[PDB]
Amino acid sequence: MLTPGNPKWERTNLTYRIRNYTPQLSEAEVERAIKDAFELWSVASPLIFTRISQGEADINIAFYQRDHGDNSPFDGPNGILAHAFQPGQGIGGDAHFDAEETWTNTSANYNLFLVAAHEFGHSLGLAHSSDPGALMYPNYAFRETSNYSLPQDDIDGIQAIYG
């Protein structure tokens, strides 16, 4: 469940910055989605995520449309929802979300919190899992639950890299 080449962060204290927002949600709603997404991984590893509002962070977060400078363009409604780069400097670890998607905080397509949590796995060095119940499973499908926490397969994956 590790990204090929075993690329990992050499530090456990990471910073992130939300570069822009989506008009479909309030700023407060986007911030809460991102915060909870990171909290999923933090409670199962030594990783600490610190938000900054200016300057250069380790993980940049932004909403872009079509061609946006990294040679991996988005494609309008549905299809590619977002993507993130493996651990590293520069664009490494950054996560981009397709601005043409309907972003929600409900079970309707597409829940920001869920897509983000998945993307951050890639930002930390995790590959896709073959376990249909894992956050890192290749296919998106929202499941309403009484309590939202990181599945055991994802826990094993994050621990196998950072302990």
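Numbers follow the displayed sequence, beginning with 1. Under this definition, the rigid core comprises the largest set of C-alpha atoms superposing within 1.5 Å between the forms.
Superposing on the core and measuring CA offsets in 9 other deposited structures of this protein, the stretch of 138-146 and 12-20 with the greater mean deviation is 138-146.
Averaged over CA atoms, B-factors in the entry run higher in 69-77 than in the other of 89-97 and 69-77. Of the two segments, 151-159 and 9-17, the one listed with the higher mean B-factor is 9-17 (C-alpha atoms only). Between the residues 57, 115, 48, 62, it is 57 that shows the highest Cα B-factor in the PDB record. Across 111, 42, 123, 53, the entry's maximum B-factor at the CA atom is seen for 53. In the deposited entry, the Cα temperature factor of residue 127 places it in the middle third of its chain's modelled residues.
Among the modelled residues of its chain, residue 31 has a C-alpha B-factor that falls in the middle third, as given in the PDB entry.
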